[PDB]
């Protein structure tokens with residue numbers, strides 16, 4: 001039983017495509033086989049997104065999948081909201097509730113809030129890139145109202161690569177006027193690298209400074225460059241490597257030849273690709289749930305124009321979502337659950353700290369339990385509580 | 001020499017369309033007269049936007065006119081940039097240098113910062129709707145850094161109208 | 001290297017004269033970068049004619 005689905009991907013997202021095919025291999029079943037429709041179009045062109053979308057709609061695919069730009073999110077929400085076509089996504093969570101918008105990336109901001117609550121910062125700089133969405137900034141500012149924080153947010157993503165240099169030295173010099181010791185970066189994997197590099201060159205990775213890297217790729221980042229600077233560094237990890245299923249994933253992940261699956265022949269993996277690999281599992285789990293519900297879904301693949309007026313929804317697709325959010329299985333990120341809005345729920349994220357020996361977990365942020373310190377920290381290994389009689 | 005053009009007026013903007021009619025009256029000329037393709041569709045719905053857009057595109061209209069949402073801006077920019085079709089809007093300006101884009105609103109930003117400098121303020125709240133975009137926010141914060149300003153921005157616009165009083 | 005400069009910390013040295021060939025010069029400099037001991041309050045003296053020849 002072929003089951004056609006979409007397969008949008010940004011170019012240069014090779015690791016995700018590789019892990020995607022890995023998902024196709026790992027979870028293939030005799031009962032039916034998925035029929036991906038790969039499309040390597042840039043997400044920057046919303047029109048091109050429209051093109052691929054109508055294209056797969058012509059394919060009559062029962063599902064569509066891919067990344068999206070903040071520039072593109074409104075388009076996907078508009079169409080999938082209109083045509084009642086379900087759409088899973090690794091990308092950052094939608095700022096607004098929408099139908100047919102499953103989203104693999106857990107909300108991160110609340111954990112960030114609790115994280116600040118732990119360090120009890122009163123004031124700090126806050127760098128950010130626009131591309132993931134400014135909503136996090138809106139959050140930290142709203143908190144800043146209640147928490148009387150004097151945050152100094154600044155965008156950095158406008159800067160050209162060609163002059164990507166002095167702009168930083170000018171920037172951090174500005175931070176010196178406030179003598180900031182505390183900054184939360186909020187940038188892309190690459191921008192994280194360049195920023196850390198410039199911090200190295202200016203030497204502000206010395207003890208007395210501190211940093212917070214607002215993303216799931218904290219372990220993914222190459223932090224070895226600054227491990228010894230004495231400044232403390234901490235971030236987030238959706239994917240524990242100590243997990244059994246994870247280590248098992250690594251056992252084969254390293255093995256794959258790069259020629260077939262480039263970027264895969266490594267000890268680790270980007271969390272995003274991991275979310276992809278999980279997402280395929282979720283999809284296939286849903287379709288497995290369909291036949292058990294014995295619900296026919298054999299819609300015509302000749303959907304015709306997506307621009308057709310009226311754009312009548314095909315109800316079988318509408319049925320699909322009803323199952324999709326109800327799905328629940330383990331993945332590389334661990335357990336996953338969804339709200340009626342398609343946002344992830346009941347997720348828990350592993351707070352991380354870099355240390356001289358290497359990076360280490362210290363606690364986990366539950367959706368309800370918020371920050372929770374581990375058992376390691378709360379002990380007497382290096383130092384414990386002393387009873388003073390007086 | 002009648003000349004086909006687009007028409008994309010969001011619902012509930014009657015005064016705008018009326019003004020458009022007055023514009024059609026004041027500048028009508030024998031050399032040519034415009035042929036509007038007026039439409040009343042939700043600005044928020046990028047899908048419907050694309051629908052009417054491609055619809056007029058089927059007309060092959062030599063120009064298009066209408067507004068856009070901050071959500072929809074990427075749509076129309078992506079199209080005029082791709083389709084090399086000219087377009088004009090009275091909506092708030094794009095943050096980027098987008099080809100085949102015309103826009104009637106001069107940026108209020110520099111005048112705003114200037115006005116700030118005139119009062120020589122140091123501390124202020126900054127209430128904002130999301131809808132016109134956060135560019136002014138990025139700007140006022142930018143000037144805030146160098147000027148040692150203490151901004152207190154807040155997103156009032158997400159509040160539900162059902163209880164738009166308690167908040 | 002890290003063991004080495006840590007030893008310098010016991011004397012809290014702010015002042016060091018390197019005297020090495022340009023390759024090991026560059027390496028030691030890189031390590032100084034990684035350990036971050038190139039902030040204000042430290043100083044260095046590179047004892048060779050290649051002071052411009054090396055990256056700085």
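With ideal geometry, Cβ positions are generated from the backbone for all residues, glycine too; neighbour counts draw on all protein chains shown. Readers should treat all values here as calculations from the given coordinates under stated rules, not as data from a laboratory.
Points to keep in mind about this one:
- Put a dot 7 Å past the Cα of residue A:366, heading toward its Cβ, do the same for residue A:207, and the two dots end up 3.6 nm apart.
- The range A:102-145 residues near the modelled residue A:158 label - backbone nitrogen below 14 Å, point 7 Å along Cα→Cβ: A:128-131
- Applying 1/(1 + (r/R0)^6) with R0 = 45 Å to the Cβ-Cβ distance of residue C:14 and residue B:121 gives a FRET efficiency near 0.55.
- Value of relative contact order over the range A:78-198, rounded to a whole percent, pairs C-alpha under 8 Å and six or more apart: 23
- Stokes-Einstein D for the range A:188-248, Kirkwood Rh over Cα pairs, 20 °C, 1.002 mPa s (µm²/s): 171
- Over 25 Å [Cα-Cα, the range A:244-390], rounded percent: 56
- If you run the Gaussian network model on chain A, springs between alpha carbon atoms under 10 Å, then out of A:126, A:209, A:118 the most flexible one is A:118.
- Using a cutoff of 8 angstrom between alpha carbon atoms and counting only pairs six or more residues apart, the relative contact order for the range B:1-155 works out to 18 percent.
- Taken along its principal axes, the alpha carbon cloud of the protein assembly as shown reaches lengths of 90, 72, 63 Å, longest axis first.
- Separation of alpha-carbon centers, the range A:286-362 and the range A:176-237, rounded to whole Å: 33
- Mean-square fluctuations from a GNM of chain A, with a 10 angstrom spring cutoff on Cα atoms, peak among A:36, A:310, A:359 at A:310.
- With Cα atoms, 0 to 90° folded angle of helix A:244-253 axis to chain A main axis: 70
- Among the residues of A:38-46, the average count of other protein chain beta-carbon atoms within 10 Å of the residue beta-carbon is 2.
- Debye equation applied to the C-alpha atoms of the range B:71-133, log10 I(q)/I(0) at 0.12, 0.13 Å⁻¹: -0.43, -0.49
- Beta bridge orientation in the range A:174-264: antiparallel %, DSSP, nearest 5: 10
- Scaled against 2.2 N^0.38 Å for its residue count N, the alpha carbon radius of gyration of the range A:39-86 is 1.03.
- Principal-axis tilt of helix B:73-83 within chain B, Cα atoms, nearest 10 degrees: 40
- Pairwise centroid distance, computed over Cα atoms, of the range A:26-46 with the range B:1-52, Å: 41
- Within chain A, DSSP assigns beta bridges of which about 45% are antiparallel (rounded to the nearest 5).
- For chain B, the longest principal axis of the alpha carbon atoms and the long axis of helix B:135-146 meet at an angle near 30°.
- For chain C: rounded, prolate or oblate by the Cα gyration tensor [a/c cutoff 1.5]: prolate
- Where N is the number of residues in the range B:12-92, Cα Rg divided by 2.2 N^0.38 Å: 1.13
- With all pairs of separate Cα atoms included, the range A:281-364 yields a Kirkwood hydrodynamic radius of 16.3 Å.
- In chain A, Cα pairs under 8 Å separated by at least six residues give a relative contact order of 19 percent.
- Taking the convex hull of Cα positions in the range A:186-317, its mean projected area over all directions (nm²): 13.8
- Residues within the reach of a label modelled at residue B:84 (point 7 angstrom out along Cα to beta-carbon, backbone nitrogen below 18 Å), restricted to the range B:36-71, are B:57-58, B:60-64.
- If the convex hull is drawn through the Cα atoms of the range B:1-142, its volume per residue in Å³: 139
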